[PDB]
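Worksheet for the structure shown next.
Protein chains: 2
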Amino acid sequence: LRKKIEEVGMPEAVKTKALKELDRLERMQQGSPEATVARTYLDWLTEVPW
Amino acid sequence: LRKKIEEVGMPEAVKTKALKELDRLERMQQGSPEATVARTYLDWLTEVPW
Numbered sequence: 249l250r251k252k253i254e255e256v257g258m259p260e261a262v263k264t265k266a267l268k269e270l271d272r273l274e275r276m277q278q279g280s281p282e283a284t285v286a287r288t289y290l291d292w293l294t295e296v297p298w
Numbered sequence: 249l250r251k252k253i254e255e256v257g258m259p260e261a262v263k264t265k266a267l268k269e270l271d272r273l274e275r276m277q278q279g280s281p282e283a284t285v286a287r288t289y290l291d292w293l294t295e296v297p298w
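Residue numbers (PDB author numbering), protein chains in the order written: chain F, 249 to 298; chain A, 249 to 298.
The following block contains the structure:
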């Protein structure tokens, strides 16, 4: 995702929101009830057109 | 469950979705409340006709 996110487009508050999940490292390979929401969140963040 | 996921069906995104949860239930043996959720989810997912 850090390959995916530094590409063309996004503004800089988007980048400050984009550096959120570097230290959201380990809760998705085991658990958690709200772990794929951040995965999906930055998927949505890199998915919308710019 | 590995065999039955591999034979019947499935669409490929669904098969990746199922295999990324089948390895995540390494928490078994008198618990957890999270193991019995995922095991019946995989039991429902391999009995619906694809």
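Just so you know, even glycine gets a beta-carbon here, dropped at the ideal spot from N, CA and C.
Reference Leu249/A, options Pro297/A, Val296/A, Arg287/A, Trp298/A, closest by Cα: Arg287/A
State the DSSP-derived secondary structure class of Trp298/F, mapped to helix, strand or coil. coil
Just the C-alpha distance for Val296/A and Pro297/F, rounded to the nearest angstrom, thanks. 36 Å
Residue burial classification, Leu293/A (beta-carbon count within 10 angstroms, cutoff 16): buried
Thinking just about the alpha-carbon of each residue, which of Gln277/F, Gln278/F, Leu267/F is nearest to the one in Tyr289/F? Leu267/F
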